[PDB]
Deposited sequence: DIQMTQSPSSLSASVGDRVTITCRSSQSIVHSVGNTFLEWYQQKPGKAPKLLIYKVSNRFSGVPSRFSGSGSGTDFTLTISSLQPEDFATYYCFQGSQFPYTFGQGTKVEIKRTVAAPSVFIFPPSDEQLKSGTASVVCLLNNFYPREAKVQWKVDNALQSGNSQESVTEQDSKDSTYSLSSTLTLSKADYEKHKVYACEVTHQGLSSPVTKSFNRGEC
């Protein structure tokens, strides 16, 4: 019943920045807690009873607020502080989590390195052609991959996957996979992925000729 709304839903801050996340409850709860969850890990209790740091939590984390408005503050964001942060109320049944605030590391711009991979003969013999385009170690996350087949822009036959931000260099990588039937693949020659990113002055095209 009690709705917990966090602001913002996502944030990219530089190491050393002051970070503030707010949590707003639909009803006054005057047991507000903050949890920190690394990707692929269980959440960890950071703050309890509004303003109390759990054991071992660095002093840079602090909590405040009352009634319906609450704030988690990171006084100086550290490289290991990237996570999704959740507020939680245990004052009124049923107990509810905020929707989470994903904090990622803001770094300098890095343009992607682009690679293209033709389908294997083994897969083709099974009747399907997967073409893979790789965008490696780039920042920020926004990028566009356009598939062109004999210079014809493709739509509806590709899927993308993006890695979680790398813990060491704070970059992303992206895969775009173009899937065609073997018959459709054999009708065309030039397979190209065209990449744009704010760090690229002009689009990067990687291509191959089928059967070459």
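S.K.: Could you list the ranges of the deposited sequence that have no C-alpha atoms in the model?
M.R.: Residues lacking C-alpha coordinates: 31-36, 219.
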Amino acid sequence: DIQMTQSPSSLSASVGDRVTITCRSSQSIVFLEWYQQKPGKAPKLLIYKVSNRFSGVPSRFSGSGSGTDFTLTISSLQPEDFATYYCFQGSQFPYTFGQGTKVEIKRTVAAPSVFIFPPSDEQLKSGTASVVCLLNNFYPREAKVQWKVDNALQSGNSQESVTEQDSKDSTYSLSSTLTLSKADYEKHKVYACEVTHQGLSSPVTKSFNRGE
From here on, numbers count along this sequence of modelled residues.
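S.K.: Look over 106-114 and 68-76 in the entry and identify the one with the greater average Cα temperature factor.
M.R.: That would be 68-76.
S.K.: Would you mind comparing 137-145 and 83-91 for me and telling me which has the higher average C-alpha temperature factor in the entry?
M.R.: Result of the comparison: 83-91.
S.K.: In this PDB entry, which of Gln36, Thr163, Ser55, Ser158 has the top CA B-factor?
M.R.: The C-alpha B-factor peaks, among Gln36, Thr163, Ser55, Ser158, at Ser55.
S.K.: Report the third (lowest, middle or highest) to which the CA temperature factor of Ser207 belongs, ranking only the modelled residues of the same chain.
M.R.: Tercile = lowest for this residue's CA B-factor.
S.K.: Where does the C-alpha B-factor of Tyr172 rank in its chain, lowest, middle or highest third?
M.R.: Its C-alpha B-factor belongs to the lowest third of this chain's values.
S.K.: Select lowest, middle or highest to describe the third in which the CA B-factor of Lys189 falls within its chain in this entry.
M.R.: Highest third of the chain for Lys189's C-alpha B-factor.
S.K.: Rank-wise, by C-alpha B-factor, drop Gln99 into the lowest, middle or highest third of its chain.
M.R.: Its C-alpha B-factor belongs to the middle third of this chain's values.
S.K.: Sort the modelled residues of this chain by their C-alpha B factor and say whether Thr179 lands in the lowest, middle or highest third.
M.R.: It belongs to the lowest third of the chain when residues are ordered by C-alpha B-factor.
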